[PDB]
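*Asks:* Just passing along the structure, written as structure tokens.
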Amino acid sequence: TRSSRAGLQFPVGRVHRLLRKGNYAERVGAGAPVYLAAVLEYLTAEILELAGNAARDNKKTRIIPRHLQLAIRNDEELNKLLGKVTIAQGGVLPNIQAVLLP
Amino acid sequence: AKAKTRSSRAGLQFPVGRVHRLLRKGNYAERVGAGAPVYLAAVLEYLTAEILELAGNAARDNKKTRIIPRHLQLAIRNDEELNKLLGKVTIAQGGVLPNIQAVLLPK
Amino acid sequence: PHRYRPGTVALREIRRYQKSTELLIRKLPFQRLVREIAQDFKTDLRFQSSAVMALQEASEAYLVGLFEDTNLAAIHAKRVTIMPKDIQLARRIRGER
Amino acid sequence: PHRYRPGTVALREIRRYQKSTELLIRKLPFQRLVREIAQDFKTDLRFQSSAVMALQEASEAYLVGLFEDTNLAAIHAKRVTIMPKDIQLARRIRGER
Amino acid sequence: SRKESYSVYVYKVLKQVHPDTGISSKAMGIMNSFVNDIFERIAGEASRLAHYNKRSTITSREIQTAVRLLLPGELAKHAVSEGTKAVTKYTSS
Amino acid sequence: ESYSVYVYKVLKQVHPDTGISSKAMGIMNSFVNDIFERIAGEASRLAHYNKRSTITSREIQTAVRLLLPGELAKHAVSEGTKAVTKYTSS
Amino acid sequence: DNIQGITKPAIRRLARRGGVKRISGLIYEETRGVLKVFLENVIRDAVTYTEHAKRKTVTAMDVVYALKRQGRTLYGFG
Amino acid sequence: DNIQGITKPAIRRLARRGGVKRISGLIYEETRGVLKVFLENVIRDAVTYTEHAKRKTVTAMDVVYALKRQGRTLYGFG
DNA sequence: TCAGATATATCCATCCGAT
DNA sequence: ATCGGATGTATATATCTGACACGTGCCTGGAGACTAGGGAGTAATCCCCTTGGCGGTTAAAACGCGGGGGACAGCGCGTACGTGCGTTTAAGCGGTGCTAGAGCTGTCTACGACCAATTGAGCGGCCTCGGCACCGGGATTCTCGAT
DNA sequence: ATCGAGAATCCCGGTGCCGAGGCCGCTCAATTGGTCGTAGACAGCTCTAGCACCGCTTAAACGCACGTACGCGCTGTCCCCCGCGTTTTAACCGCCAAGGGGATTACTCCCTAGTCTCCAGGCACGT
């Protein structure tokens with residue numbers, strides 16, 4: 001399999017057929033789907049490790065969307081990429097303005 | 001026989017063959033029909049006529065013969081529908097519509 | 001008996017309502033309102049339940065965002081209570097109007 | 001011996017500027033500022049004048065809108081003079097962080 | 001080479017609407033860019049809609065749906081009416 | 001048709017002792033689809049911009065540089081270049 | 001009439017999650033109006049999308065398409 | 001220190017065109033900062049686009065695309 | 001197939017109301 | 001500051017349970033080989049478009065100085081708004097049944113891709129005078145210290 | 001609650017100027033007329049989940065007192081932004097030379113689409 005030839009986990013074939021069938025361009029290259037597989041692997045790996053860290057910070061061994069919300073909103077770079085999106089059943093990080101407190 | 005342009009068959013003014021060639025070249029889908037480009041050309045013609053009416057009215061209002069970008073900016077800003085369609089676009093050399101806050105006016 | 005000074009209970013319920021993830025809005029009145037609104041555009045429609053759930057989620061999130069914005073607007077004027085002027089300000093600035 | 005009231009020239013210049021459509025910003029300082037900024041990414045770059053003018057138009061329109069927002073936020077606060085709290089609030093509410 | 005523009009058509013439309021009004025070149029550039037922007041936006045919405053339905057061709061009706069989605073309110077009402085009038089002209093041939 | 005087992009395997013690589021819900025699975029699937037859509041669309045648009053006719057590595061590298069914020073871009077392009085050179089090496 | 005289905009305590013709960021101490025009595029009608037206008041703004045696109053496909057039921061994908069059209073992406077329903 | 005080339009009168013003229021009446025002294029630094037940030041965010045993308053095409057001159061259309069990235073859609077040029 | 005929501009006793013950090 | 005009682009907070013213990021990760025089957029998508037030809041990489045040339053400088057000119061930027069009016073701090077009041085308590089309402093929840101319509105299957109024909117003539121509409125080069133900016137003068141209307 | 005000197009602004013008319021519009025010559029992209037493979041238009045069958053209804057239960061919505069704190073108006077202080085005069089200087093205009101690179105044109109080559117042939121791992125399914 002081509003995926004193991006580059007030592008990744010995401011499939012080259014699926015992204016290849018998506019790229020050809022999605023009708024973005026007339027012709028496709030050869031190493032480009034591999035590049036996509038790499039970048040997607042990087043993004044998923046980092047977000048999963050962040051979510052797992054946030055989950056084990058709550059003495060939990062399972063990921064829930066609350067953990068995902070807390071992880072996404074706690075990074076300055078990740079918050080910039082996904083600023084304009086709402087996560088289902090995610091809640092909001094706690095914040096209270098200082099003037100309100102007596 | 002004598003060749004007739006498709007835009008003349010529909011009575012339109014915007015070219016039809018150009019739209020068809022662009023849609024074929026624009027890589028939007030595998031294949032295109034014949035009834036789409038005429039519809040698209042009609043829509044474009046109607047929109048540009050609608051804008052040109054208000055532009056000409058605005059230019060006439062200030063006793064001027066040509067069209068300047070200030071006139072177009074005033075025409076777009078005056079109509080609420082065109083403003084909504086063009087709510088996040090910057091017209092170069094267009095200026096700003098006059099507006100002065102009421103409280104700031106001296107008593 | 002022990003009569004709580006006002007504001008402390010109001011200061012409370014931020015801790016519990018910022019850690020909760022519930023919908024906070026009844027289901028049946030919301031579904032009836034959605035059907036009432038949809039009645040105008042086209043009669044005799046049927047609604048998927050998942051669509052109703054997603055609609056509810058989007059609506060409540062939008063209201064939470066608007067309330068955060070209007071609170072930040074209201075704290076500016078050296079005031080603590082919300083006033084509809086603040087709502088008008090918030091919808092005026094961010095481009096909704 | 002004839003001096004205007006302190007707040008009457010302002011309206012006259014509001015009128016004459018709002019009926020104006022010129023550039024209002026010097027060309028050479030802006031060009032050298034753009035070159036100074038661009039030297040940090042890839043040295044020995046050759047800008048085009050049309051691109052410089054486009055940057056002028058975009059930036060000036062953005063600033064005009066931002067001061068409109070700031071003026072509105074200030075006039076909400078029972079004040080006339082603008083202070084940096086207003087500009088920071090407007091930037092934050094618009095979402096630019 | 002050659003550059004393509006919508007200048008002649010829009011000039012003809014102007015002369016059809018207002019008989020005796022002039023045009024500056026900057027306004028012509030504004031009109032060309034506006035037409036290109038509208039065309040691209042409509043075409044993109046139509047192409048996405050055709051993908052959403054597992055289709056493989058471009059007919060008129062999804063263009064109509066895109067017009068109903070994009071143009072705000074009553075301004076669409078004329079436009080659709082302007083479309084159906086035009087297309088049935090061509091079908092008669 | 002989803003990316004179900006692949007994210008699970010990646011998690012096993014990074015965290016061998018944690019589980020996820022089905023809702024988290026859906027969030028991951030939708031997020032990956034959205035990011036893929038953004039990258040592919042930007043690549044196509046840029047490929048048309050230069051009167052080009054194919055999608056190559058340069059186009060997608062440029063798109064990744066354009067979309068992601070500053071610090072993540074360096075790591076992403078480095079890992080992608082590593083992957084492509086390992087692939088073309090064999 | 002169904003706009004009165006949103007009682008005061010629901011609005012107060014939403015506001016408390018928003019992080020507020022005190023609310024005036026005039027807020028409720030403004031919140032109701034904003035909510036309502038948001039509803040028709042979404043449902044118009046939703047019904048158009050479901051009408052083009054020649055069906056009689058609004059699936060969840062239609063709502064997701066309607067929300068993404070306005071730039072408010074929602075994750076969780078495919 | 002070229003950023004101080006944006007003089008006080010120019011800021012005054014832009015503020016007047018905005019429609020404000022009285023400005024405090026400390027606004028100038030804030031404006032000079034925010035404008036600098038905006039130019040950073042535009043020029044970065046513009047330089048990327050120009051670099052991709054193996055060119056060393058920045059044409060105006062590339063700037064038009066770069067503004068199109070943030071959804072500004074400058075009219076006129078190109 | 002057991003990790004986790006939930007009933008039960010309890011539980012520690014905080015606040016009014018004078019003092 | 002200071003304490004006492006009294007509310008609501010975490011923590012452990014136990015007890016179901018329902019998504020959960022783990023095997024299983026098989027076929028539709030994933031590799032592997034050979035070909036072509038068309039798009040893409042490379043060499044060479046120009047011409048124009050940008051860069052860089054020089055010197056005269058004055059519009060605009062910079063500096064300084066009253067002085068009035070807007071920002072701000074403090075005082076006081078009364079009313080809209082929190083909070084408990086009794087009471088009613090309709091939202092959940094769990095069953096049950098009926099059926100419109102989503103969704104999948106099998107054809108064939110009208111419809112658009114594609115190719116070879118065929119030609120007239122659209123672009124570039126070259127006039128040219130008429131609307132329009134500028135300026136100068138007079139006539140007009142708002143303004144502020146005076147009434 | 002008015003007025004006049006004065007300062008800013010509208011209006012008429014004369015002047016030069018340059019590009020908006022018009023005219024013509026030359027192409028290649030639009031037009032006709034054919035063929036040919038197939039996408040969906042159409043008809044038909046199925047089974048599900050969407051709608052409707054009912055009985056029960058209880059958490060929650062609501063009306064009501066009641067004490068209060070803070071929103072708002074008022075008064076008063078004081079300092080700092082504006083208006084105006086006075087004094088530089090660098091933007092700006094017009095002019096000039098120079099050279100480099102962004103398009104062009106020609107040429108050749110190699111990389112992916114296409115076609116066919118073979119083979120398993122990943123989607124439902126069960127616990």
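Identifiers for the structure tokens are assigned positionally: chains receive A, B, ... in sequence, residues are indexed from 1 per chain, and ligands are indexed from 1 in the order shown.
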Output as a list in words the set of chain F residues within 12 Å of chain K, with distances taken over only C-alpha atoms (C1' of nucleotides).
*Replies:*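 Taking only C-alpha atoms (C1' of nucleotides) into account, residues 1, 2, 3, 4, 5, 6, 54, 55 and 56 of chain F sit within 12 Å of chain K.
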*Asks:* Would you export the selected residues with C-alpha atoms as a short mmCIF file (atom, residue, chain, number, x, y, z; two decimals), in the first residue's frame, please?
*Replies:*
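Result saved to part.cif:
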data_model
loop_
_atom_site.label_atom_id
_atom_site.label_comp_id
_atom_site.auth_asym_id
_atom_site.auth_seq_id
_atom_site.Cartn_x
_atom_site.Cartn_y
_atom_site.Cartn_z
CA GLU F 1 -18.06 6.23 4.61
CA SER F 2 -15.82 7.91 7.19
CA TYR F 3 -12.32 8.13 8.65
CA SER F 4 -13.28 6.17 11.75
CA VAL F 5 -10.47 3.73 12.45
CA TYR F 6 -7.67 6.03 11.30
CA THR F 54 -2.24 20.64 -12.71
CA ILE F 55 -2.09 20.35 -8.92
CA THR F 56 1.50 19.90 -7.73
#
*Asks:* List as a VMD selection string the protein and nucleic acid residues near residue 41 (chain G), meaning an atom at most 12 Å away when only C-alpha atoms (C1' of nucleotides) are counted, but skip any in the same chain fewer than 2 places from it.
*Replies:* (chain C and resid 37 to 38 41 59 96) or (chain E and resid 69 72 to 73) or (chain G and resid 34 to 39 43 to 48 63 66 to 67 69 to 70)
*Asks:* Please dump the current selection as an mmCIF file, in the first residue's frame; keep C-alpha atoms.
*Replies:*
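Full text of result_22.cif as output:
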data_model
loop_
_atom_site.group_PDB
_atom_site.id
_atom_site.type_symbol
_atom_site.label_atom_id
_atom_site.label_comp_id
_atom_site.auth_asym_id
_atom_site.auth_seq_id
_atom_site.Cartn_x
_atom_site.Cartn_y
_atom_site.Cartn_z
ATOM 1 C CA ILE C 37 -42.096 30.227 11.461
ATOM 2 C CA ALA C 38 -41.813 27.582 8.741
ATOM 3 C CA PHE C 41 -42.835 30.131 3.703
ATOM 4 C CA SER C 59 -29.548 29.570 18.209
ATOM 5 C CA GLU C 96 -25.588 42.642 11.656
ATOM 6 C CA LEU E 69 -30.413 32.319 -2.300
ATOM 7 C CA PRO E 72 -31.675 39.850 -1.017
ATOM 8 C CA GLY E 73 -35.452 39.752 -1.009
ATOM 9 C CA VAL G 34 -33.522 39.180 17.590
ATOM 10 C CA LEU G 35 -34.212 35.480 18.057
ATOM 11 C CA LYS G 36 -37.203 35.604 15.719
ATOM 12 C CA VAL G 37 -35.410 37.467 12.930
ATOM 13 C CA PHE G 38 -32.520 35.002 13.159
ATOM 14 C CA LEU G 39 -35.032 32.173 12.782
ATOM 15 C CA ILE G 43 -35.273 28.979 7.695
ATOM 16 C CA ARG G 44 -35.572 30.838 4.380
ATOM 17 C CA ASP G 45 -32.360 29.269 3.089
ATOM 18 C CA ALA G 46 -33.228 25.939 4.709
ATOM 19 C CA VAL G 47 -36.603 25.711 2.969
ATOM 20 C CA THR G 48 -35.110 26.822 -0.346
ATOM 21 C CA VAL G 63 -29.788 23.140 8.181
ATOM 22 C CA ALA G 66 -27.993 26.997 5.648
ATOM 23 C CA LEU G 67 -25.701 27.755 8.595
ATOM 24 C CA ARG G 69 -23.917 29.735 3.930
ATOM 25 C CA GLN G 70 -23.870 32.549 6.517
#
*Asks:* Can you list, as a PyMOL selection string, all residues belonging to chain C that DSSP tags as alpha helix (DSSP H)?
*Replies:* chain C and resi 8-11+14-19+28-41+49-76+84-93
*Asks:* Hey, can you check how far CA of residue 22 (chain H) sits from CA of residue 27 (chain D)?
*Replies:* 26.4 Å
*Asks:* Can I have chain H aligned to chain G? Use a least-squares fit on all Cα atoms paired in order and write it out as a short mmCIF file (atom, residue, chain, number, x, y, z; two decimals) with N, CA and C atoms, in the first residue's frame.
*Replies:*
data_model
loop_
_atom_site.label_atom_id
_atom_site.label_comp_id
_atom_site.auth_asym_id
_atom_site.auth_seq_id
_atom_site.Cartn_x
_atom_site.Cartn_y
_atom_site.Cartn_z
N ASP H 1 -49.29 33.75 18.75
CA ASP H 1 -48.45 34.33 19.78
C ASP H 1 -47.54 33.29 20.43
N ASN H 2 -47.06 32.35 19.62
CA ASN H 2 -46.21 31.29 20.13
C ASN H 2 -44.85 31.80 20.58
N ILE H 3 -44.44 32.99 20.12
CA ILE H 3 -43.12 33.52 20.44
C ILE H 3 -42.96 33.77 21.94
N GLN H 4 -44.06 33.96 22.66
CA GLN H 4 -43.99 34.13 24.10
C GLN H 4 -43.76 32.81 24.84
N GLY H 5 -43.52 31.72 24.12
CA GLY H 5 -43.14 30.48 24.76
C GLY H 5 -41.72 30.47 25.29
N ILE H 6 -40.89 31.42 24.87
CA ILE H 6 -39.54 31.56 25.40
C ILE H 6 -39.67 32.32 26.71
N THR H 7 -39.66 31.58 27.81
CA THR H 7 -40.04 32.14 29.10
C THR H 7 -38.96 33.08 29.64
N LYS H 8 -39.36 33.86 30.64
CA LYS H 8 -38.40 34.70 31.36
C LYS H 8 -37.27 33.91 32.01
N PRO H 9 -37.50 32.80 32.72
CA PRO H 9 -36.36 32.07 33.30
C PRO H 9 -35.37 31.58 32.27
N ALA H 10 -35.82 31.18 31.08
CA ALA H 10 -34.88 30.72 30.06
C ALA H 10 -33.96 31.85 29.61
N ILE H 11 -34.52 33.04 29.40
CA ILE H 11 -33.70 34.20 29.07
C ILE H 11 -32.73 34.49 30.20
N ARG H 12 -33.19 34.33 31.44
CA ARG H 12 -32.30 34.53 32.58
C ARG H 12 -31.14 33.55 32.56
N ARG H 13 -31.42 32.27 32.28
CA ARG H 13 -30.36 31.27 32.25
C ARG H 13 -29.35 31.55 31.15
N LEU H 14 -29.83 31.91 29.95
CA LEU H 14 -28.90 32.23 28.87
C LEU H 14 -28.07 33.46 29.20
N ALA H 15 -28.68 34.48 29.81
CA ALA H 15 -27.93 35.67 30.19
C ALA H 15 -26.87 35.33 31.23
N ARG H 16 -27.22 34.47 32.19
CA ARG H 16 -26.25 34.06 33.20
C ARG H 16 -25.09 33.29 32.58
N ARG H 17 -25.40 32.38 31.65
CA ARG H 17 -24.33 31.66 30.96
C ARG H 17 -23.45 32.62 30.17
N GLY H 18 -24.04 33.68 29.63
CA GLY H 18 -23.24 34.72 29.01
C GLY H 18 -22.29 35.38 29.99
N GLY H 19 -22.71 35.54 31.24
CA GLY H 19 -21.85 36.12 32.24
C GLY H 19 -22.24 37.53 32.62
N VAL H 20 -23.53 37.79 32.73
CA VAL H 20 -24.04 39.08 33.15
C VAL H 20 -24.65 38.93 34.54
N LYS H 21 -24.76 40.05 35.26
CA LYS H 21 -25.16 40.01 36.66
C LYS H 21 -26.54 40.57 36.94
N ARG H 22 -26.91 41.71 36.37
CA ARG H 22 -28.19 42.33 36.66
C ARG H 22 -28.83 42.80 35.37
N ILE H 23 -30.07 42.36 35.15
CA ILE H 23 -30.75 42.65 33.86
C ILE H 23 -32.02 43.48 34.10
N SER H 24 -32.24 44.50 33.28
CA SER H 24 -33.43 45.34 33.36
C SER H 24 -34.63 44.63 32.73
N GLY H 25 -35.80 45.24 32.92
CA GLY H 25 -37.04 44.57 32.55
C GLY H 25 -37.32 44.53 31.06
N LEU H 26 -36.81 45.51 30.31
CA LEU H 26 -37.22 45.67 28.92
C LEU H 26 -36.41 44.84 27.94
N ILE H 27 -35.44 44.06 28.42
CA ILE H 27 -34.57 43.31 27.52
C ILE H 27 -35.34 42.19 26.82
N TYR H 28 -36.37 41.67 27.49
CA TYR H 28 -37.03 40.44 27.06
C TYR H 28 -37.62 40.57 25.66
N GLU H 29 -38.32 41.67 25.40
CA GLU H 29 -38.93 41.87 24.10
C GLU H 29 -37.88 41.96 23.00
N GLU H 30 -36.78 42.66 23.28
CA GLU H 30 -35.71 42.80 22.29
C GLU H 30 -35.11 41.45 21.95
N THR H 31 -34.87 40.62 22.97
CA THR H 31 -34.34 39.28 22.70
C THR H 31 -35.32 38.45 21.89
N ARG H 32 -36.60 38.49 22.26
CA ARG H 32 -37.60 37.73 21.53
C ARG H 32 -37.74 38.20 20.09
N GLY H 33 -37.41 39.46 19.81
CA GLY H 33 -37.42 39.94 18.44
C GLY H 33 -36.20 39.50 17.64
N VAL H 34 -35.01 39.65 18.23
CA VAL H 34 -33.80 39.35 17.49
C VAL H 34 -33.71 37.85 17.19
N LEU H 35 -34.12 37.01 18.14
CA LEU H 35 -34.12 35.58 17.89
C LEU H 35 -35.08 35.22 16.76
N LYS H 36 -36.25 35.86 16.75
CA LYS H 36 -37.21 35.62 15.68
C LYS H 36 -36.62 35.98 14.32
N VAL H 37 -35.92 37.11 14.25
CA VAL H 37 -35.30 37.52 12.99
C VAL H 37 -34.25 36.50 12.55
N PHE H 38 -33.44 36.02 13.49
CA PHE H 38 -32.39 35.06 13.15
C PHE H 38 -32.98 33.76 12.61
N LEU H 39 -34.03 33.26 13.27
CA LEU H 39 -34.70 32.06 12.76
C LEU H 39 -35.32 32.29 11.39
N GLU H 40 -35.89 33.47 11.15
CA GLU H 40 -36.37 33.76 9.80
C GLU H 40 -35.26 33.61 8.78
N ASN H 41 -34.12 34.25 9.05
CA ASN H 41 -33.02 34.27 8.10
C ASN H 41 -32.42 32.89 7.87
N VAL H 42 -32.49 32.00 8.85
CA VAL H 42 -31.96 30.65 8.63
C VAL H 42 -32.97 29.77 7.90
N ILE H 43 -34.22 29.78 8.37
CA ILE H 43 -35.24 28.88 7.82
C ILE H 43 -35.52 29.19 6.36
N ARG H 44 -35.41 30.46 5.96
CA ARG H 44 -35.64 30.79 4.55
C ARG H 44 -34.70 30.00 3.64
N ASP H 45 -33.40 30.06 3.92
CA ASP H 45 -32.42 29.35 3.11
C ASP H 45 -32.60 27.84 3.22
N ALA H 46 -32.90 27.35 4.43
CA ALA H 46 -33.08 25.91 4.60
C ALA H 46 -34.24 25.39 3.77
N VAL H 47 -35.37 26.11 3.79
CA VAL H 47 -36.53 25.72 3.00
C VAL H 47 -36.21 25.78 1.51
N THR H 48 -35.44 26.79 1.09
CA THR H 48 -35.04 26.84 -0.31
C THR H 48 -34.26 25.59 -0.71
N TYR H 49 -33.27 25.21 0.09
CA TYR H 49 -32.46 24.04 -0.23
C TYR H 49 -33.32 22.78 -0.28
N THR H 50 -34.21 22.60 0.69
CA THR H 50 -35.05 21.41 0.69
C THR H 50 -36.02 21.40 -0.49
N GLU H 51 -36.56 22.56 -0.85
CA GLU H 51 -37.49 22.63 -1.97
C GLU H 51 -36.80 22.27 -3.27
N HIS H 52 -35.53 22.64 -3.41
CA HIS H 52 -34.85 22.42 -4.69
C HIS H 52 -34.76 20.95 -5.05
N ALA H 53 -34.55 20.09 -4.06
CA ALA H 53 -34.32 18.67 -4.32
C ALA H 53 -35.61 17.86 -4.43
N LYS H 54 -36.75 18.51 -4.67
CA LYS H 54 -38.05 17.86 -4.79
C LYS H 54 -38.41 17.05 -3.55
N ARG H 55 -38.00 17.52 -2.38
CA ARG H 55 -38.35 16.86 -1.14
C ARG H 55 -39.35 17.69 -0.35
N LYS H 56 -39.95 17.04 0.65
CA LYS H 56 -40.87 17.71 1.55
C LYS H 56 -40.48 17.52 3.01
N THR H 57 -39.34 16.89 3.28
CA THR H 57 -38.81 16.74 4.63
C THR H 57 -37.46 17.44 4.71
N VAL H 58 -37.26 18.20 5.78
CA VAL H 58 -36.06 19.00 5.96
C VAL H 58 -35.06 18.20 6.79
N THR H 59 -34.01 17.70 6.14
CA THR H 59 -32.96 16.98 6.85
C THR H 59 -31.97 17.95 7.48
N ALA H 60 -31.19 17.43 8.43
CA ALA H 60 -30.31 18.29 9.22
C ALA H 60 -29.13 18.81 8.41
N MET H 61 -28.66 18.04 7.43
CA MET H 61 -27.53 18.48 6.62
C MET H 61 -27.87 19.75 5.85
N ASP H 62 -29.12 19.88 5.42
CA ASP H 62 -29.54 21.09 4.74
C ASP H 62 -29.45 22.29 5.66
N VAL H 63 -29.82 22.11 6.93
CA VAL H 63 -29.62 23.16 7.91
C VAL H 63 -28.14 23.47 8.09
N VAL H 64 -27.29 22.44 8.06
CA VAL H 64 -25.86 22.66 8.21
C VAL H 64 -25.33 23.52 7.07
N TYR H 65 -25.80 23.24 5.85
CA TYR H 65 -25.41 24.07 4.68
C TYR H 65 -25.92 25.48 4.88
N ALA H 66 -27.16 25.60 5.35
CA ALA H 66 -27.77 26.92 5.50
C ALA H 66 -26.98 27.78 6.49
N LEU H 67 -26.57 27.20 7.61
CA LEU H 67 -25.69 27.93 8.52
C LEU H 67 -24.33 28.19 7.89
N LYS H 68 -23.85 27.28 7.05
CA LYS H 68 -22.60 27.52 6.35
C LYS H 68 -22.69 28.74 5.45
N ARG H 69 -23.90 29.07 4.99
CA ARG H 69 -24.07 30.26 4.16
C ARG H 69 -23.64 31.53 4.88
N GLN H 70 -24.03 31.69 6.14
CA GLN H 70 -23.62 32.89 6.87
C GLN H 70 -22.23 32.77 7.47
N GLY H 71 -21.56 31.63 7.29
CA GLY H 71 -20.26 31.45 7.88
C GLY H 71 -20.37 31.14 9.36
N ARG H 72 -21.18 30.15 9.69
CA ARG H 72 -21.31 29.69 11.07
C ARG H 72 -20.72 28.30 11.27
N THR H 73 -20.85 27.42 10.27
CA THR H 73 -20.13 26.15 10.20
C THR H 73 -20.37 25.31 11.46
N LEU H 74 -21.62 24.89 11.61
CA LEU H 74 -21.98 24.05 12.74
C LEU H 74 -21.29 22.70 12.64
N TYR H 75 -20.73 22.25 13.75
CA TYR H 75 -20.06 20.97 13.84
C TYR H 75 -20.99 19.93 14.45
N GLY H 76 -20.56 18.67 14.41
CA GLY H 76 -21.40 17.61 14.93
C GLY H 76 -22.17 16.87 13.85
N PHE H 77 -23.42 17.28 13.65
CA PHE H 77 -24.32 16.60 12.73
C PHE H 77 -23.72 16.53 11.34
N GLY H 78 -23.83 15.36 10.72
CA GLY H 78 -23.31 15.15 9.38
C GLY H 78 -21.79 15.21 9.32
#
